[PDB]
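model_18.cif (mmCIF, C-alpha atoms and all ligand atoms) appears below.
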data_model
#
loop_
_atom_site.group_PDB
_atom_site.id
_atom_site.type_symbol
_atom_site.label_atom_id
_atom_site.label_comp_id
_atom_site.auth_asym_id
_atom_site.auth_seq_id
_atom_site.Cartn_x
_atom_site.Cartn_y
_atom_site.Cartn_z
ATOM 1 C CA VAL A 1 16.406 10.760 9.076
ATOM 2 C CA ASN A 2 12.652 10.725 8.547
ATOM 3 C CA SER A 3 9.515 11.263 10.638
ATOM 4 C CA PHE A 4 8.238 7.668 10.825
ATOM 5 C CA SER A 5 7.995 6.534 14.481
ATOM 6 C CA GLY A 6 7.408 3.254 16.356
ATOM 7 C CA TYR A 7 8.339 0.922 13.490
ATOM 8 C CA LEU A 8 10.110 -2.385 13.826
ATOM 9 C CA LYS A 9 13.010 -2.747 11.399
ATOM 10 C CA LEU A 10 12.749 -5.976 9.358
ATOM 11 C CA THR A 11 15.598 -5.417 6.881
ATOM 12 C CA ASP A 12 17.924 -2.695 5.632
ATOM 13 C CA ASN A 13 14.977 -1.000 3.891
ATOM 14 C CA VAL A 14 11.676 -2.465 5.195
ATOM 15 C CA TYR A 15 9.949 -1.359 8.404
ATOM 16 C CA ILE A 16 6.602 -2.459 9.905
ATOM 17 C CA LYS A 17 4.089 -1.119 12.438
ATOM 18 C CA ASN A 18 0.652 -2.002 13.756
ATOM 19 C CA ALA A 19 -1.139 1.127 12.585
ATOM 20 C CA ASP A 20 -4.134 2.475 10.699
ATOM 21 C CA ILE A 21 -2.613 3.728 7.439
ATOM 22 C CA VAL A 22 -5.141 6.588 7.362
ATOM 23 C CA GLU A 23 -4.090 7.826 10.798
ATOM 24 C CA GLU A 24 -0.423 7.284 9.994
ATOM 25 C CA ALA A 25 -0.715 9.291 6.791
ATOM 26 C CA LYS A 26 -2.544 12.105 8.617
ATOM 27 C CA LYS A 27 0.272 12.374 11.105
ATOM 28 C CA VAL A 28 3.370 11.893 8.948
ATOM 29 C CA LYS A 29 2.113 13.527 5.717
ATOM 30 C CA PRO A 30 4.503 11.294 3.750
ATOM 31 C CA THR A 31 5.662 12.149 0.253
ATOM 32 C CA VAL A 32 3.962 8.936 -0.953
ATOM 33 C CA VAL A 33 1.115 6.876 0.498
ATOM 34 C CA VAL A 34 0.317 3.653 -1.365
ATOM 35 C CA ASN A 35 -3.300 2.719 -2.042
ATOM 36 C CA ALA A 36 -4.433 -0.899 -2.453
ATOM 37 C CA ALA A 37 -6.229 -0.045 -5.686
ATOM 38 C CA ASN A 38 -8.183 -2.004 -8.272
ATOM 39 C CA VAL A 39 -7.895 -1.465 -12.032
ATOM 40 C CA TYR A 40 -10.990 0.773 -12.104
ATOM 41 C CA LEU A 41 -9.806 2.922 -9.166
ATOM 42 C CA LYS A 42 -13.159 2.204 -7.484
ATOM 43 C CA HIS A 43 -12.247 2.847 -3.856
ATOM 44 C CA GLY A 44 -15.108 1.019 -2.208
ATOM 45 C CA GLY A 45 -13.629 -0.879 0.704
ATOM 46 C CA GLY A 46 -10.534 -2.156 2.405
ATOM 47 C CA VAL A 47 -7.594 0.228 2.462
ATOM 48 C CA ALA A 48 -8.876 2.073 -0.614
ATOM 49 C CA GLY A 49 -12.299 2.658 0.902
ATOM 50 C CA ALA A 50 -10.690 3.985 4.087
ATOM 51 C CA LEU A 51 -8.228 6.293 2.310
ATOM 52 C CA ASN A 52 -10.928 7.661 0.027
ATOM 53 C CA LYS A 53 -13.312 8.282 2.953
ATOM 54 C CA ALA A 54 -10.556 10.240 4.714
ATOM 55 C CA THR A 55 -10.309 12.520 1.626
ATOM 56 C CA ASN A 56 -14.084 13.207 1.745
ATOM 57 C CA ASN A 57 -14.386 11.375 -1.640
ATOM 58 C CA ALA A 58 -11.928 13.727 -3.402
ATOM 59 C CA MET A 59 -9.726 10.714 -4.190
ATOM 60 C CA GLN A 60 -12.662 9.043 -5.978
ATOM 61 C CA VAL A 61 -13.528 12.204 -7.948
ATOM 62 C CA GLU A 62 -9.926 12.541 -9.133
ATOM 63 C CA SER A 63 -9.763 8.816 -9.902
ATOM 64 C CA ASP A 64 -12.931 8.879 -12.014
ATOM 65 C CA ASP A 65 -11.426 11.627 -14.174
ATOM 66 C CA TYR A 66 -8.182 9.610 -14.482
ATOM 67 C CA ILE A 67 -10.073 6.516 -15.695
ATOM 68 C CA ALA A 68 -12.261 8.512 -18.081
ATOM 69 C CA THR A 69 -9.083 9.838 -19.727
ATOM 70 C CA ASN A 70 -6.745 6.829 -19.544
ATOM 71 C CA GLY A 71 -8.848 3.697 -19.087
ATOM 72 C CA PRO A 72 -8.192 1.030 -16.461
ATOM 73 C CA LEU A 73 -4.856 0.164 -14.952
ATOM 74 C CA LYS A 74 -3.213 -3.237 -15.427
ATOM 75 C CA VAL A 75 -3.110 -5.781 -12.611
ATOM 76 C CA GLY A 76 0.437 -5.287 -11.316
ATOM 77 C CA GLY A 77 0.442 -1.656 -12.483
ATOM 78 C CA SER A 78 0.134 1.734 -10.841
ATOM 79 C CA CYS A 79 -0.483 5.426 -11.277
ATOM 80 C CA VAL A 80 0.550 8.496 -9.291
ATOM 81 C CA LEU A 81 -2.280 10.827 -8.273
ATOM 82 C CA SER A 82 -2.729 13.449 -5.572
ATOM 83 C CA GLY A 83 -2.338 12.518 -1.926
ATOM 84 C CA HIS A 84 -5.041 15.064 -1.029
ATOM 85 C CA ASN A 85 -4.997 15.750 2.738
ATOM 86 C CA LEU A 86 -3.067 12.537 3.470
ATOM 87 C CA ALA A 87 0.253 12.801 1.581
ATOM 88 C CA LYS A 88 1.881 14.714 -1.246
ATOM 89 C CA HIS A 89 1.139 11.866 -3.677
ATOM 90 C CA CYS A 90 -0.871 8.661 -3.676
ATOM 91 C CA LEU A 91 0.652 5.741 -5.573
ATOM 92 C CA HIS A 92 -2.346 3.608 -6.565
ATOM 93 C CA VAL A 93 -0.973 0.063 -6.961
ATOM 94 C CA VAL A 94 -3.034 -2.889 -8.209
ATOM 95 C CA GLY A 95 -2.061 -6.163 -6.597
ATOM 96 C CA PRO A 96 -3.764 -9.332 -7.821
ATOM 97 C CA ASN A 97 -7.122 -10.062 -6.175
ATOM 98 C CA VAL A 98 -7.290 -13.784 -5.358
ATOM 99 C CA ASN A 99 -11.082 -13.449 -4.880
ATOM 100 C CA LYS A 100 -11.183 -12.572 -8.641
ATOM 101 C CA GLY A 101 -8.776 -15.419 -9.637
ATOM 102 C CA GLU A 102 -5.792 -13.195 -10.607
ATOM 103 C CA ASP A 103 -2.294 -14.642 -10.865
ATOM 104 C CA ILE A 104 -0.367 -14.257 -7.582
ATOM 105 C CA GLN A 105 2.879 -14.020 -9.523
ATOM 106 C CA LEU A 106 1.684 -10.521 -10.428
ATOM 107 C CA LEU A 107 2.315 -9.550 -6.802
ATOM 108 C CA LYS A 108 6.033 -9.107 -7.521
ATOM 109 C CA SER A 109 5.248 -6.820 -10.474
ATOM 110 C CA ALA A 110 2.938 -4.799 -8.208
ATOM 111 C CA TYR A 111 5.677 -4.282 -5.605
ATOM 112 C CA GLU A 112 8.179 -3.238 -8.310
ATOM 113 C CA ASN A 113 6.212 0.014 -8.621
ATOM 114 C CA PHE A 114 7.466 0.973 -5.149
ATOM 115 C CA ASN A 115 11.062 1.150 -6.474
ATOM 116 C CA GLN A 116 10.212 4.360 -8.363
ATOM 117 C CA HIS A 117 9.877 6.190 -5.002
ATOM 118 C CA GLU A 118 12.638 6.691 -2.449
ATOM 119 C CA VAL A 119 10.337 6.444 0.611
ATOM 120 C CA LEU A 120 6.739 5.172 0.921
ATOM 121 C CA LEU A 121 4.049 4.494 3.510
ATOM 122 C CA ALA A 122 2.182 1.418 2.347
ATOM 123 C CA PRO A 123 -0.105 -1.505 3.145
ATOM 124 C CA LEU A 124 0.718 -5.092 2.307
ATOM 125 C CA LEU A 125 -0.360 -5.542 -1.304
ATOM 126 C CA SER A 126 -3.039 -8.134 -2.059
ATOM 127 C CA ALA A 127 -3.728 -8.605 1.680
ATOM 128 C CA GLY A 128 -7.080 -8.041 3.362
ATOM 129 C CA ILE A 129 -10.040 -8.230 0.998
ATOM 130 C CA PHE A 130 -7.711 -8.984 -1.939
ATOM 131 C CA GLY A 131 -7.419 -12.497 -0.529
ATOM 132 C CA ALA A 132 -3.686 -13.244 -0.569
ATOM 133 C CA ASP A 133 -1.687 -14.598 2.355
ATOM 134 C CA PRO A 134 -0.186 -11.523 4.096
ATOM 135 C CA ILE A 135 2.891 -13.535 5.163
ATOM 136 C CA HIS A 136 3.595 -14.231 1.464
ATOM 137 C CA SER A 137 2.950 -10.583 0.630
ATOM 138 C CA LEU A 138 5.516 -9.475 3.215
ATOM 139 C CA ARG A 139 8.079 -11.921 1.810
ATOM 140 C CA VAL A 140 7.560 -10.628 -1.747
ATOM 141 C CA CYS A 141 7.807 -7.049 -0.452
ATOM 142 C CA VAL A 142 11.143 -7.688 1.269
ATOM 143 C CA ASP A 143 12.515 -9.561 -1.750
ATOM 144 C CA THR A 144 11.338 -6.969 -4.327
ATOM 145 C CA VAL A 145 11.322 -3.455 -2.863
ATOM 146 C CA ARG A 146 14.748 -1.822 -2.588
ATOM 147 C CA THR A 147 13.564 1.665 -1.592
ATOM 148 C CA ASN A 148 12.540 2.539 1.958
ATOM 149 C CA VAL A 149 9.090 1.187 2.778
ATOM 150 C CA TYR A 150 7.112 1.732 5.987
ATOM 151 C CA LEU A 151 4.385 -0.929 6.199
ATOM 152 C CA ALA A 152 1.209 -0.217 8.168
ATOM 153 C CA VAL A 153 -0.711 -3.308 9.293
ATOM 154 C CA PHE A 154 -4.169 -2.508 10.665
ATOM 155 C CA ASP A 155 -4.832 -5.783 12.501
ATOM 156 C CA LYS A 156 -2.770 -6.218 15.680
ATOM 157 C CA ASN A 157 -3.177 -10.000 15.635
ATOM 158 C CA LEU A 158 -1.890 -10.113 12.062
ATOM 159 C CA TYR A 159 0.974 -7.725 12.827
ATOM 160 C CA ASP A 160 2.208 -9.962 15.653
ATOM 161 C CA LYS A 161 1.970 -13.026 13.398
ATOM 162 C CA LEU A 162 3.861 -11.298 10.616
ATOM 163 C CA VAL A 163 6.671 -10.302 12.993
ATOM 164 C CA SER A 164 6.871 -13.639 14.800
ATOM 165 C CA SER A 165 7.003 -15.631 11.539
ATOM 166 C CA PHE A 166 9.415 -13.324 9.675
ATOM 167 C CA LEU A 167 12.541 -15.041 8.409
HETATM 168 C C1 LIG B 1 -12.745 4.738 12.766
HETATM 169 N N1 LIG B 1 -13.804 4.200 11.935
HETATM 170 S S1 LIG B 1 -13.798 2.545 11.571
HETATM 171 O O1 LIG B 1 -15.003 2.187 10.819
HETATM 172 O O2 LIG B 1 -13.924 1.705 12.766
HETATM 173 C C2 LIG B 1 -12.297 2.157 10.627
HETATM 174 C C3 LIG B 1 -12.279 1.549 9.384
HETATM 175 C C4 LIG B 1 -10.951 1.405 9.024
HETATM 176 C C5 LIG B 1 -10.519 0.732 7.715
HETATM 177 O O3 LIG B 1 -11.370 0.254 7.044
HETATM 178 N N2 LIG B 1 -9.138 0.644 7.250
HETATM 179 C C6 LIG B 1 -8.871 -0.037 5.999
HETATM 180 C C7 LIG B 1 -7.966 -1.227 6.235
HETATM 181 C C8 LIG B 1 -6.630 -0.653 6.668
HETATM 182 N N3 LIG B 1 -5.447 -1.189 6.293
HETATM 183 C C9 LIG B 1 -4.308 -0.652 6.675
HETATM 184 N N4 LIG B 1 -3.043 -1.233 6.267
HETATM 185 N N5 LIG B 1 -4.300 0.422 7.445
HETATM 186 C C10 LIG B 1 -5.419 1.012 7.856
HETATM 187 C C11 LIG B 1 -6.642 0.477 7.448
HETATM 188 C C12 LIG B 1 -7.950 1.154 7.938
HETATM 189 C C13 LIG B 1 -10.173 1.963 10.030
HETATM 190 O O4 LIG B 1 -11.021 2.412 10.977
#
Starting from the file, lay out its structure as structure tokens.
Amino acid sequence: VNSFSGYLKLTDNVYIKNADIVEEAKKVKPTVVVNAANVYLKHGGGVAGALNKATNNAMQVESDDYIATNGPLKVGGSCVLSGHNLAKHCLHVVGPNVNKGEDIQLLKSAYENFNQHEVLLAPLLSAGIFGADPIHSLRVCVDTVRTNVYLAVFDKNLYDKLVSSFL
């Protein structure tokens, strides 16, 4: 039993809700919140911008030190950093950004990072400003992630479309 509430069950291990991931994280304080990161951990907009703003820019300060030490992530890769006031940990995962021409096949590799964590609160990778089809992202999620994932979808119209079209 866990504290996640109001989710629709899609499969044995994948759940979905129309929710603001920032507000959901603030309320649940999950062990892991996933950020829709880029390779530079520049949290300017989208989910990353929102999560970072909610940490009063502490996420960005920590991220800048991480990059200065380690260099950029790979597309499809991840790193574990602090969850600040939102979660114990933040798993920064880089899905491919279609608006930069990155290979969508890397979306499966990106979701594989979730399997290193038993339970996660997460957005749909490569959705939103990353330019991928969120229906495709949900399909890859369900077919790749084996651990327990609670998906927060900000847009109510999109949430209803994702549910109604789910196979
Ligand atoms: C209250 N001030 S606000 O400017 O109107 C406002 C901005 C945002 C926001 O940018 N995001 C990022 C996109 C997003 N994606 C998921 N999956 N979940 C949550 C979010 C929230 C929310 O609220």
### Query
What is the distance, in Å and to one decimal place, between atom CA of residue A:122 and atom CA of residue A:5?
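Atom CA of residue A:5 lies 14.4 Å from atom CA of residue A:122.
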### Task
May I ask you to write as a list in words all residues lying at most 8 Å from ligand LIG 1 (chain B), with all atoms listed in the file counted?
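Result of the 8 Å neighbour search around ligand LIG 1 (chain B): residues 19, 20, 21, 22, 23, 45, 46, 47, 48, 49, 50, 51, 122, 123, 124, 128, 151, 152, 153, 154 and 155 of chain A.
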### Message
Could you check the closest approach to residue A:125 for each of A:87, A:73, A:107, A:142 and tell me which residue wins, using only C-alpha atoms?
### Response
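That would be A:107, the residue with the smallest distance to residue A:125.
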### Task
Would you mind reading off the distance between atom CA of residue A:59 and atom CA of residue A:72, one decimal, in Å?
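Separating atom CA of residue A:59 from atom CA of residue A:72 is a distance of 15.7 Å.
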List every protein, DNA or RNA residue with an atom no more than 12 Å from (-5.5, 9.8, -10.5) in the file's coordinates, counting only C-alpha atoms, and format the result as a PDB file with C-alpha atoms, in the coordinates of the input.
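Saved as selection.pdb:
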ATOM      1  CA  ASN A  35      -3.300   2.719  -2.042  1.00  0.00           C
ATOM      2  CA  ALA A  37      -6.229  -0.045  -5.686  1.00  0.00           C
ATOM      3  CA  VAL A  39      -7.895  -1.465 -12.032  1.00  0.00           C
ATOM      4  CA  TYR A  40     -10.990   0.773 -12.104  1.00  0.00           C
ATOM      5  CA  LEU A  41      -9.806   2.922  -9.166  1.00  0.00           C
ATOM      6  CA  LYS A  42     -13.159   2.204  -7.484  1.00  0.00           C
ATOM      7  CA  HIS A  43     -12.247   2.847  -3.856  1.00  0.00           C
ATOM      8  CA  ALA A  58     -11.928  13.727  -3.402  1.00  0.00           C
ATOM      9  CA  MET A  59      -9.726  10.714  -4.190  1.00  0.00           C
ATOM     10  CA  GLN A  60     -12.662   9.043  -5.978  1.00  0.00           C
ATOM     11  CA  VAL A  61     -13.528  12.204  -7.948  1.00  0.00           C
ATOM     12  CA  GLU A  62      -9.926  12.541  -9.133  1.00  0.00           C
ATOM     13  CA  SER A  63      -9.763   8.816  -9.902  1.00  0.00           C
ATOM     14  CA  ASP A  64     -12.931   8.879 -12.014  1.00  0.00           C
ATOM     15  CA  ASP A  65     -11.426  11.627 -14.174  1.00  0.00           C
ATOM     16  CA  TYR A  66      -8.182   9.610 -14.482  1.00  0.00           C
ATOM     17  CA  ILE A  67     -10.073   6.516 -15.695  1.00  0.00           C
ATOM     18  CA  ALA A  68     -12.261   8.512 -18.081  1.00  0.00           C
ATOM     19  CA  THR A  69      -9.083   9.838 -19.727  1.00  0.00           C
ATOM     20  CA  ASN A  70      -6.745   6.829 -19.544  1.00  0.00           C
ATOM     21  CA  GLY A  71      -8.848   3.697 -19.087  1.00  0.00           C
ATOM     22  CA  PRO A  72      -8.192   1.030 -16.461  1.00  0.00           C
ATOM     23  CA  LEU A  73      -4.856   0.164 -14.952  1.00  0.00           C
ATOM     24  CA  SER A  78       0.134   1.734 -10.841  1.00  0.00           C
ATOM     25  CA  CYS A  79      -0.483   5.426 -11.277  1.00  0.00           C
ATOM     26  CA  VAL A  80       0.550   8.496  -9.291  1.00  0.00           C
ATOM     27  CA  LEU A  81      -2.280  10.827  -8.273  1.00  0.00           C
ATOM     28  CA  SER A  82      -2.729  13.449  -5.572  1.00  0.00           C
ATOM     29  CA  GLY A  83      -2.338  12.518  -1.926  1.00  0.00           C
ATOM     30  CA  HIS A  84      -5.041  15.064  -1.029  1.00  0.00           C
ATOM     31  CA  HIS A  89       1.139  11.866  -3.677  1.00  0.00           C
ATOM     32  CA  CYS A  90      -0.871   8.661  -3.676  1.00  0.00           C
ATOM     33  CA  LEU A  91       0.652   5.741  -5.573  1.00  0.00           C
ATOM     34  CA  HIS A  92      -2.346   3.608  -6.565  1.00  0.00           C
ATOM     35  CA  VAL A  93      -0.973   0.063  -6.961  1.00  0.00           C
TER      36      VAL A  93
END
### Pick from A:119, A:149, A:138, A:28 nearest to residue A:163, counting only C-alpha atoms
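Looking only at the distances to residue A:163, the closest residue turns out to be A:138.
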### Query
Rounded to one decimal in Å, what is the spacing between atom CA of residue A:13 and atom CA of residue A:111?
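Between these atoms lies a distance of 13.7 Å.
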### Message
Is it possible to get the residues within 7 Å of (-2.4, -5.0, -8.0) (coordinates as in the file, counting all atoms listed in the file) written as a PyMOL selection string?
### Response
chain A and resi 37-38+75-77+93-96+107+110+126
Just to be explicit: take each residue in the selection above, keep C-alpha atoms, and write the result as a PDB file, in the coordinates of the input.
ATOM      1  CA  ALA A  37      -6.229  -0.045  -5.686  1.00  0.00           C
ATOM      2  CA  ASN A  38      -8.183  -2.004  -8.272  1.00  0.00           C
ATOM      3  CA  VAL A  75      -3.110  -5.781 -12.611  1.00  0.00           C
ATOM      4  CA  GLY A  76       0.437  -5.287 -11.316  1.00  0.00           C
ATOM      5  CA  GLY A  77       0.442  -1.656 -12.483  1.00  0.00           C
ATOM      6  CA  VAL A  93      -0.973   0.063  -6.961  1.00  0.00           C
ATOM      7  CA  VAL A  94      -3.034  -2.889  -8.209  1.00  0.00           C
ATOM      8  CA  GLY A  95      -2.061  -6.163  -6.597  1.00  0.00           C
ATOM      9  CA  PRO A  96      -3.764  -9.332  -7.821  1.00  0.00           C
ATOM     10  CA  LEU A 107       2.315  -9.550  -6.802  1.00  0.00           C
ATOM     11  CA  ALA A 110       2.938  -4.799  -8.208  1.00  0.00           C
ATOM     12  CA  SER A 126      -3.039  -8.134  -2.059  1.00  0.00           C
TER      13      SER A 126
END
Residue members of the PyMOL selection byres (((chain A and resi 8) around 10) and not hetatm) in the file shown, as a PDB file with C-alpha atoms, in the coordinates of the input:
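Just written: out03.pdb:
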ATOM      1  CA  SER A   5       7.995   6.534  14.481  1.00  0.00           C
ATOM      2  CA  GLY A   6       7.408   3.254  16.356  1.00  0.00           C
ATOM      3  CA  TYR A   7       8.339   0.922  13.490  1.00  0.00           C
ATOM      4  CA  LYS A   9      13.010  -2.747  11.399  1.00  0.00           C
ATOM      5  CA  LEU A  10      12.749  -5.976   9.358  1.00  0.00           C
ATOM      6  CA  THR A  11      15.598  -5.417   6.881  1.00  0.00           C
ATOM      7  CA  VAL A  14      11.676  -2.465   5.195  1.00  0.00           C
ATOM      8  CA  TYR A  15       9.949  -1.359   8.404  1.00  0.00           C
ATOM      9  CA  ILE A  16       6.602  -2.459   9.905  1.00  0.00           C
ATOM     10  CA  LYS A  17       4.089  -1.119  12.438  1.00  0.00           C
ATOM     11  CA  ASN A  18       0.652  -2.002  13.756  1.00  0.00           C
ATOM     12  CA  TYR A 150       7.112   1.732   5.987  1.00  0.00           C
ATOM     13  CA  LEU A 151       4.385  -0.929   6.199  1.00  0.00           C
ATOM     14  CA  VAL A 163       6.671 -10.302  12.993  1.00  0.00           C
TER      15      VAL A 163
END
